[PDB]
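Novice: Here you go, one structure.
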Amino acid sequence: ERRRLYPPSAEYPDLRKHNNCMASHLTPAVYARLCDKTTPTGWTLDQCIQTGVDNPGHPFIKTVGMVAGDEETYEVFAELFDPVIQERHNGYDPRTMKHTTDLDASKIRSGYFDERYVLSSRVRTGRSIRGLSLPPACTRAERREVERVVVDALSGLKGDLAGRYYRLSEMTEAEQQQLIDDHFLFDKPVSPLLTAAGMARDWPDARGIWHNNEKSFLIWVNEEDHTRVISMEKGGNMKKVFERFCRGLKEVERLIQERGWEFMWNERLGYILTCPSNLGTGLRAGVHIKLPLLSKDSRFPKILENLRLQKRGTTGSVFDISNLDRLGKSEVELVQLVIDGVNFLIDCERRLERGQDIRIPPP
Amino acid sequence: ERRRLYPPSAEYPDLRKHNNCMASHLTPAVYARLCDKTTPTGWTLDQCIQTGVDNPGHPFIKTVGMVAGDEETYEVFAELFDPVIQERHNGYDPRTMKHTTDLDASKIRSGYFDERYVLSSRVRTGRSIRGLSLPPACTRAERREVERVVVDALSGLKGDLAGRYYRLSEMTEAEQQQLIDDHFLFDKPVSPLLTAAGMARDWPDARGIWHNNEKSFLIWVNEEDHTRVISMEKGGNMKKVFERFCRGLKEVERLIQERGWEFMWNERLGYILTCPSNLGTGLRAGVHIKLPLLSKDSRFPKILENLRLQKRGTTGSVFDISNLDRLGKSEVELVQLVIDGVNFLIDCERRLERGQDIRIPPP
Amino acid sequence: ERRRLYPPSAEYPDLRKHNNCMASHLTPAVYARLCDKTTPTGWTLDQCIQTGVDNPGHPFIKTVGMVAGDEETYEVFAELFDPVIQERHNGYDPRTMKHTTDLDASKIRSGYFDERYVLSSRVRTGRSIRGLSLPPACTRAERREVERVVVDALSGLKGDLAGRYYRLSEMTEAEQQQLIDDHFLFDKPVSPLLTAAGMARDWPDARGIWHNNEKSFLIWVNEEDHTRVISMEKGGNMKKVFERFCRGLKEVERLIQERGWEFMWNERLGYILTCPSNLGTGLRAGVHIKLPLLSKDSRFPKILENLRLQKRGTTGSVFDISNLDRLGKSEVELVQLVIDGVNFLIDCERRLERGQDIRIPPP
Amino acid sequence: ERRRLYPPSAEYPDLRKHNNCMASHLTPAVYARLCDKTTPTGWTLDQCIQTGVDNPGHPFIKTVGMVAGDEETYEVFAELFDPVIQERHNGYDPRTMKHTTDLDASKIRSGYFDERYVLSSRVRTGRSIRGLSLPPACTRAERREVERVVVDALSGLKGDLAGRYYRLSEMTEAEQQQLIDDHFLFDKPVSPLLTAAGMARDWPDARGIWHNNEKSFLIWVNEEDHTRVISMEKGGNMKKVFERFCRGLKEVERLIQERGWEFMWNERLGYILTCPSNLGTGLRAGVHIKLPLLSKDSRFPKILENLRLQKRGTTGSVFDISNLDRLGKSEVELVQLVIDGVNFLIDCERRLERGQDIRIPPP
Amino acid sequence: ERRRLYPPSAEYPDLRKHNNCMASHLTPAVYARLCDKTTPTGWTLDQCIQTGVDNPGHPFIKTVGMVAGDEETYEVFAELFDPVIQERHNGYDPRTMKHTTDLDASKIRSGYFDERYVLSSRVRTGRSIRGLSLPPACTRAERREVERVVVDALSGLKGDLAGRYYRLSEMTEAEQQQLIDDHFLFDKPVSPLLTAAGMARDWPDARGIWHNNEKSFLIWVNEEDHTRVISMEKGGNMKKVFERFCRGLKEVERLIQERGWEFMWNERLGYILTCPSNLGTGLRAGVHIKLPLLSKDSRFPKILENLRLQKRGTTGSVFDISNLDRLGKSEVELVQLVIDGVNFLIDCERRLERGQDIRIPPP
C-alpha cells in the first residue's frame, strides 16, 4: 500500500544488558536483512530470538539464546545462526565443513570402567521428524502427530528392546510415583529459557514416556525435542549401553522409514535439533563417578578441560562427567573420547590413592 | 493447492482436565468456525486460548484463560469471547446491552471513612491505545510506541499532577530500592498465566513507572496492559482520590487526543483491555480495612458478597476490599457501591464493638 | 506480512497551532478511517490535507486547507470533506440537499448599472474535464491532455466568440508584455497554499491563455483549475456579459461533448472543482465600484454582509464587490443577487450624495 | 487490463528552457526505462525529477535538479543518477570507483590559522538514518521517528559535548530570539527548489535544534536532511573543531547503533544524503576570512579554483571559503585540502601586504 | 500502478458523421461506464461497436452498427444494447417485457397462396450454440466445434429431412457449380459491415452447407451466425414449409440436447443471435410475388407498411415480401401476419385486375 512499515531497526531488541550468544552475534544489519524472511512453515526471526531477548543471561554461564522451529530455520536464517554455531561448537564451520555421522557402534574398543569408581553410565541423544515442526513452533496437531509416529514405531519393538508407553495426559498417580522413584519421569519445564522459547506449551498434551521392560531404554516424547533417547545402566560398562543405544536408534529409524517418516538430518549440521547447542549428534555420554581425592585438587577442572570433558552435579564427591563437542565429531569418536577421559581420570585417582604423581594430558 | 490441511478438530486442545472459563465455553464447532479467522493485525484463536490451554486452572479459583491482542479480537473472535464475558461479568450481555461510561466524578457523595478503620484508599484502572496492539500481541516497536506516547502525554502535566518517569531499562539501584520501599515498582511477571499469555516478553524493554511528586499518582507502562493508573492515599478519603484519578485520566486523554492518539473504547465493551475479566471500566477501588471482630464472624464473607464486595490479602485482620463488576456499571456507580459497602462494614464493626446486632443487607 | 504498519495516529499531523477548516474538522477517528482509503486514481488523504498541514493559517482569515485530485475524492474521502463544505458554504448539506444548475441566462432581468458608479463588470467561473485528474493530482500527460481538449474545442469558435490561444511555454516577450498590459496573463503561483497543494508543478508546461478578438472572453488553462472562464467588460452592463458568458460556456460544453469529453458535474456538489470552497457554480460575479461616501461609513461592511456581498481590493475608494455562496444557489440566482446588491449600494450612494437616510436591508 | 496506459514519452517533461543537470542528463530512453520502476518504499522517477522540472534554473548557476527519497533511489534509478553524480563531482565514477571514509581525525596536522585573518571556523556535514525515508519522501511518522532517534541518542551525551534540544513546535519566543541572535535557528525553507522537492512539508513538525552548552556543537533535525551537524568556533583553530566534530559524530553513531539504528552508508556513494550534490562526506569546512588586498586582485577567483576552493558571502572583504569535492576524497583529506588552501591564501595576503609577488599554485 | 490510463473519453469514437443506431445511442457517459467492463469470454465494448465506427452508414438506410460475441454481451453491455433493441424492434422493451417462443406450428391456419401469384415460399431463421462464442468473437477452435456439433446432430436425420453436408474447405468445383445453380451456396462476405464486425475471419474454414435430398432444407454453418436454417419450396404453400421448418428445428434441438449442447436462448431477448436486429425469432418468412398492377400504384409501399410487411429485390414486378418484427411476437404469430399480408395483397391485385377499388388496411 502507501502506508509505511515500522523500520527494521524500530523492532531491534535492547541487548545492552544481555550476555547470550544471540545478543553477541546480533547486529542491526543482520536483523534488517532477516526481518522480512520467513520459513515456509511460518517461523520468523523474532520468534527465533525471543528466548535470547527475554533472558538476558548471566556472566560465567553463557547460553545460546536461540531456538529453531523448522529445518528451513537453519537455512532461511542461516546468516545469524552460523556464527552462533561457530562460537558454540569450538570453531566448527557450517559454511564449508561437513558433519560425519557414524552410528555403527562396531568401532567401540575397550572402555570398561571399574565398578567402584563408576556407579552409572548413560548414552543420550535427541531426534526429530523431518515433516513436522520443532517444539518451539509445532502446533498441537504436529505434537500429536510426532507422538503417534513414535508410538507406532516403538510398538514394533521386540527382544530386550521391549517396553511400554505411558501418556502423561492419563498417567495414573501410582505409575507416576513409580516413574519418579525410577528418576525417569520429566516434569513441566520451569526454566525461563525453555518457557520463553515456547517448549512448554500445551502441557502435558502429546507428552509421553516410553520405558523398556529392563529399565534400560528410555524415550521422552516432545518434552524439549521430538524424541530424547537414553540408554542407561548401573555400572561402568560403556560398550553394552552404546550397542543397546545404537541398536535401538537404528531399529527406530528403520521402522519410521518403513512407515514413511524420516529423521531430520543435514550434511552440514548433522541431526537437526531445536537448540543450536545440541547439533550434529546431540550425544551426552555421561558417567556418575566418585573421585574425592581428585576433586580435592584445584587442577582437576583444568585437567578435565584438557581432554574436553565437563563436570556437573548429580554432591558427596559424585559428579556427572560428559563430553563437550556435540557437533563436528563422529558419535563413536565422541564415545571413544569420553571413555578415554574417564579411564584417564580413573588412573589419576588410582595414582592419587597410591600417592603417585599424575601427568597432565595435553589440551 | 491439492494437499489437505490438518482438520480443525486435529488442532483442538485437550481440555478434559481444565477448569477455566475458556475450556468451559470452548466447543469443537466454535473452534472449527474460528480456526481460519484472523484479526487484521495477525492474532489467531490459538494465540487467544494459549493461556487457558497451558494453565489447566484449579477448582475454587476459576480464571478466564483468554487474552486479546487487538481491538478486532473482541470482534473477529466474538463468538467465543461473548459467553466468557457473560459468565465473568455476572450475566452482562455484550450482544445487546451497551456499556455506559461516566468519569465525571461530580456525582460522588459522602463516602468519607474513619481514619482508624481505613488505613489506605486506592482507585485503579487500565487504559490502552487504539492504534497499537495489546501486550499479548504487541511487538517491540509497538511497545516502544505506547511508552513514547504515554511519556510525551505525561510530560505535559502540571499542578499537583506533576511527577517524573523512570525506565526500568536504566533504573539505577538506589531509585529501584526507594521505589520498592514505596511499594510502587513492579517486578517481572512470574504467574504462569501471564507468562503463557505473552505479557512478559522483552523484559524490561519499554517498561516504565511514572511517579507523582506527591506520591499519589502512579502509572505503570505496559507491564500487564498499556497503562495502569492508580490514585492512592493513606486514609479513608475516597472523594479526593476519586477526583484526582478522574482529573488525571481526563488530562491524559485530552493530551493524547491533542497529540493524535485515542484510547481503546467500544460501546458494547467499554474500555478495551487485554484480559476479558477487566472490561468496561477496569476499576478496582480498594480499601485496606482492619475489622478483627467482623473477620471473626463466619458470616462475614456472605455479607460481603451480598453487597458485591470481595476480600483479598494485603494478615493481622487487615484486608483489601474491592468491588466485583468491572463491566456493566458506571465508574461513579462502582465508586458509590464500594463506598456504600465500606460504610456498611464500618457500622457493622461499630455495632460489634458495641455488641449491637447487625442486619444482613439484601443480596 | 508479519511486520506492523505505523498506527494511523502515528501519521496524525500536529494541528495545535492551525486555524484552517481542515484542521478544525479533522479528528483522529476520521483520519484512522480514511488513512487506508484511496481514490481509484491514487489520491490519498495525506495528499488531500497537505495544503492545510503545511499552512497553519491566520486568525480573521480562515481558509479551507483541503484540495481534491479526482471526482472520487469527494466520494472516497466524503466523511471529512462534507463538514468542510458545510462550514464553508453557510450550512449547505451535501448529505441530502441537491444542487441545481441553471445556465440558461434567459431569466436575467434589469441589472443595468450606472456608468459613473461601475467601471467594469466580470463574470468568472471554473470547469474541469471528467476523465482527467485535478491540478493537485494531475500528471504531465493529463495536463497536456486537458490543454489539448480545451484548445481543440475553442478552435471551433465563431462569431463574436472568436479568438486565439497563446501557450506560456513559447509565449514571446512582446505578446507577454501586451497581455500584462491587458491584465490577462497569469503568473506562476506564489501563494504558499497553492504551492503546497501542488497547483504549481511543471510550470509553465501545458499552461495557456485563450483571448477573444474583442478582448471580452478570457480562458485560463490549468493554472489553478482545468479551465477558468471570464467574460468582462468596461461598464455596468451585467446582462451582456452574462449572456456572453453563458453562450461561451454552452458552446464549449457542446463542442467537448461532440469531441467526446464531458465536464465534471455531480448532483449533490454541482460543478466539481479542485478547491472545496469553489463548488457548485464557482461564480464570482464582480464589480469595480467607486463609492467614497459609502466607504466612509463604518456600517458599510455590515450592510454589504446583509445582502451576502463581499468587498476586496482591485484603493482610491474603488473596490471589487462579489457574491458569497458559490454552492447551494442557481447561477442565475447568484447573478440576480449580486446585481440586486449592486443596485442597492448604488441607490444608497445616491442617497448619501443627496444626504438622504439609507434603510439597512434585512440580513 | 485491455486499456492502454499513457506512453512513457507522453509524461516526458518539457526541458527545452531548463538549465539544470537533471534536464541535461535526462533522455527519452532513460525516462521510458525508469518510468515503471519504483523504490520499495514508493518513490518514483517523476518525484525524483519534480524539483528539476519545476525549477528551470539559470545560466552561470547550475543546480542538480534531483532529490532522493530512499537508499534504493540511488539504485532503482541508478541509470539516471550516475551521470548526474559524474558531472557534479568532477568526474567521480559511481559505477566502478569506491568511496573511502576516514573520520578518525588523528591524521590532521598543523592547520592553525592567524586570529586576525580568520574570524570563525566551521566543520559541517549531514547524516541520515538507514531505516527511514529521506526528507523529500518521508511521511510525518518517519519524520517523528528520526527526531525521536536523534533526541534519544543525543540525550546520552556528556563531557564538553553536552547540551539541550529545542523543538520548533513549542519553541518559546524568548529562546527563539536568542537562537536567532546566536545565528543557529533555521527558518522555514523559502527556496523554490527545496519547496518543489518537498523538503518543507509539515512545518515545523518534528523539526528541532540541538545546542551544546559551550555553543560549539549544533544539530539541525530534518530541515533539509535527517541530521545536519556543525562544529564551529570563533577563531582559526581547525584542529580543535575537527576533533570535536569527529568525537561527536562517532559518539552519536555508537549511541544509535547501541539503540539499534544505523546511518545511511554505501561503499560506492559514501554517506547517503537527499541531494546528490552532497554525497560521500557532505563536508563543508568553511572559514570566514577577511583578505581585502587579495579580493581586490581579479586573479583571486582563479587562484582559489586552482586549489579547489570556493568563495561565498557571509561583504566588507569578509568571505566564507569552502572546499568543493564532497564525494571522492576522504574527510581528513578534505580538511587537509581546505586548511592548505587557507594557509596559501594567508601567505599570499601577507605577501600582498608586504608587496611581495605571489606564485600561482598549480590547478 | 502509478501510471495513468487513457481517459475513457480519449477512446471515444468520432461519430459526428455517422448515421447508425450505435452512434445515435452512444453517449460519453455510457462509454465511460462500459469501457472497463468485459464479458467473461473477453468481448469488449470497442469490439462491440467497431462495426458501427468503421461504417458511418447512409441516410434513408439505417443500420444497427453493433454486434455481439457472447451471451453475456447482451448482459455485460446491456446499458448500451437495450436502447438499440428498443429503436430497432419498434419499441420492444427488454428491460421489462418478456419474449414468448411458440415453435409448435400446430396453430397455422389457411394461408395457401395462388400458384400464379406466388412463385416461391421460404421460412428462414438462425440459431446459436450456448457454450460457444458468436461469429464476431469466436476463435478457430470454437468455429470448428460449432460445425462439429451441427454435423453430428444433422447426421442423425431421417425421413424427408435427409441430406448431406458439404464443406467449403474441400468443396469440389462441380458440386460448387451445382450449388450455385441451386442458389444455395454462400460466398465470402463482402459487405463492409460484416467484414468490420469480424464475421469473415478464417474463410472458408469450418464453413459448410447442409443440403436436403429433396432440396427443401438448407443449413448454413457459421457464415453470419452459427446456424442459418431455411425451408423453401416453389409455390405458395406456407403451411408445408412451416411444418417442415418446425419439425427440422425441433429435431435438431432434441438431437443437440441429447448430445449435450443447447441453443442460445434468453427469456427477455428470445433466441440470441450475433446481430441485435435479428433477435427473438430471427424469422424472415419471405414470398416471391409478382404484382405488376399493385407495384404501379404509388400507395403500395404505404399499404405494405400498414400490415408490417417490407419489400426487397429478388426486377420484372417480382419482389420478395417479408415481415418486420423479428422480436416481440411469437413465431406462429409472425407466420400468420405474413400470410395475412400476402393474402391481402393477393386480393388487392385481384381487385386491380378486375378494376375494383381496394380498401387500405389499418396501420
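We label chains A, B, ... in the order they appear in the C-alpha cells, count residues from 1 in each chain, and number ligands from 1 in the order shown.
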Near chain E, which residues of chain C fall within 8 Å when you count only C-alpha atoms, and what do they look like as a list in words?
Specialist: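 On the chain C side, the interface is residues 41, 42, 131, 132, 257, 258, 259, 260, 261 and 262 of chain C.
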Novice: Generate a file of the selected residues that holds C-alpha atoms, formatted as a PDB file, in the first residue's frame.
Specialist:
```
ATOM      1  CA  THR C  41      -6.562   7.180  -9.498  1.00  0.00           C
ATOM      2  CA  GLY C  42      -4.267   7.247  -6.436  1.00  0.00           C
ATOM      3  CA  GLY C 131     -11.774  11.924 -17.424  1.00  0.00           C
ATOM      4  CA  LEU C 132      -8.670  13.758 -16.193  1.00  0.00           C
ATOM      5  CA  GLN C 257     -19.322  16.600 -25.785  1.00  0.00           C
ATOM      6  CA  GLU C 258     -19.175  16.403 -29.587  1.00  0.00           C
ATOM      7  CA  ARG C 259     -15.482  15.514 -29.318  1.00  0.00           C
ATOM      8  CA  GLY C 260     -16.361  13.073 -26.515  1.00  0.00           C
ATOM      9  CA  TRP C 261     -15.245  14.835 -23.302  1.00  0.00           C
ATOM     10  CA  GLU C 262     -17.603  15.897 -20.523  1.00  0.00           C
TER      11      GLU C 262
END
```
Novice: Near residue 245 in chain A, within 8 Å and counting only C-alpha atoms, which residues show up once chain neighbours fewer than 4 positions away are dropped, as a PDB file with N, CA and C atoms, in the first residue's frame?
Specialist:
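Output file selection37.pdb is given in full below:
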```pdb
ATOM      1  N   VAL A 123      24.001 -43.074  27.809  1.00  0.00           N
ATOM      2  CA  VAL A 123      24.191 -42.561  26.457  1.00  0.00           C
ATOM      3  C   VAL A 123      22.877 -41.938  26.012  1.00  0.00           C
ATOM      4  N   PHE A 217      16.109 -48.679  28.446  1.00  0.00           N
ATOM      5  CA  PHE A 217      15.832 -47.835  27.291  1.00  0.00           C
ATOM      6  C   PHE A 217      14.722 -46.857  27.653  1.00  0.00           C
ATOM      7  N   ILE A 230      17.597 -42.411  25.634  1.00  0.00           N
ATOM      8  CA  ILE A 230      18.595 -42.670  26.665  1.00  0.00           C
ATOM      9  C   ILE A 230      18.762 -44.177  26.811  1.00  0.00           C
ATOM     10  N   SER A 231      20.012 -44.626  26.872  1.00  0.00           N
ATOM     11  CA  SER A 231      20.355 -45.992  27.244  1.00  0.00           C
ATOM     12  C   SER A 231      21.262 -45.920  28.462  1.00  0.00           C
ATOM     13  N   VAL A 241      25.910 -50.364  26.858  1.00  0.00           N
ATOM     14  CA  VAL A 241      24.929 -49.294  26.712  1.00  0.00           C
ATOM     15  C   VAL A 241      25.050 -48.647  25.340  1.00  0.00           C
ATOM     16  N   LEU A 249      18.396 -47.083  18.160  1.00  0.00           N
ATOM     17  CA  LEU A 249      18.311 -45.969  17.222  1.00  0.00           C
ATOM     18  C   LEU A 249      18.101 -46.461  15.797  1.00  0.00           C
TER      19      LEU A 249
END
```
Novice: Write out as an NGL selection string all residues of range 201-283 of chain D that backbone DSSP assigns to strand (DSSP E or B).
Specialist: :D and (208-212 or 217-221 or 227-233 or 237 or 263 or 266 or 270-271 or 280)
Novice: Select from range 57-282 of chain B everything DSSP, run on the backbone, classes as alpha helix (DSSP H), then give the selection as a PyMOL selection string.
Specialist: chain B and resi 73-76+78-88+140-155+173-181+192-197+238-259
Novice: Here is a test: counting only C-alpha atoms, which residue of A:291, A:146, A:103, A:327 is nearest to residue 352 in chain A?
Specialist: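 Distance minimum relative to residue 352 in chain A lands on A:291.
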Novice: Skipping near chain neighbours, those fewer than 3 positions away, what residues fall within 10 Å of residue 118 in chain B using only C-alpha atoms, listed as a PyMOL selection string?
Specialist: chain B and resi 112-115+121+234-237+287-291+318-320+342+346
Novice: What would the file look like if the residues just selected were written as a short mmCIF file (atom, residue, chain, number, x, y, z; two decimals), in the first residue's frame with C-alpha atoms?
Specialist:
```cif
data_model
loop_
_atom_site.label_atom_id
_atom_site.label_comp_id
_atom_site.auth_asym_id
_atom_site.auth_seq_id
_atom_site.Cartn_x
_atom_site.Cartn_y
_atom_site.Cartn_z
CA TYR B 112 -15.60 9.66 53.98
CA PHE B 113 -14.22 6.79 56.05
CA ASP B 114 -12.94 6.68 59.61
CA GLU B 115 -9.17 7.06 59.81
CA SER B 121 -7.63 4.10 49.78
CA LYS B 234 -3.12 6.89 53.29
CA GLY B 235 -6.54 7.33 54.86
CA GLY B 236 -10.25 6.93 54.25
CA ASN B 237 -10.90 9.87 51.92
CA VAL B 287 -9.56 -0.23 50.82
CA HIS B 288 -7.15 -1.52 53.47
CA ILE B 289 -9.54 -2.01 56.39
CA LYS B 290 -8.90 -3.68 59.76
CA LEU B 291 -12.07 -5.29 61.16
CA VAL B 318 -6.20 -6.11 57.71
CA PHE B 319 -7.74 -6.89 54.32
CA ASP B 320 -8.16 -5.21 50.94
CA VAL B 342 -17.24 0.08 53.23
CA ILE B 346 -17.80 0.20 59.27
#
```
Novice: Find, counting only C-alpha atoms, the residue in A:243, A:75, A:253, A:70 that gets nearest to residue 34 in chain A.
Specialist: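 Among the listed residues, the smallest separation from residue 34 in chain A belongs to A:75.
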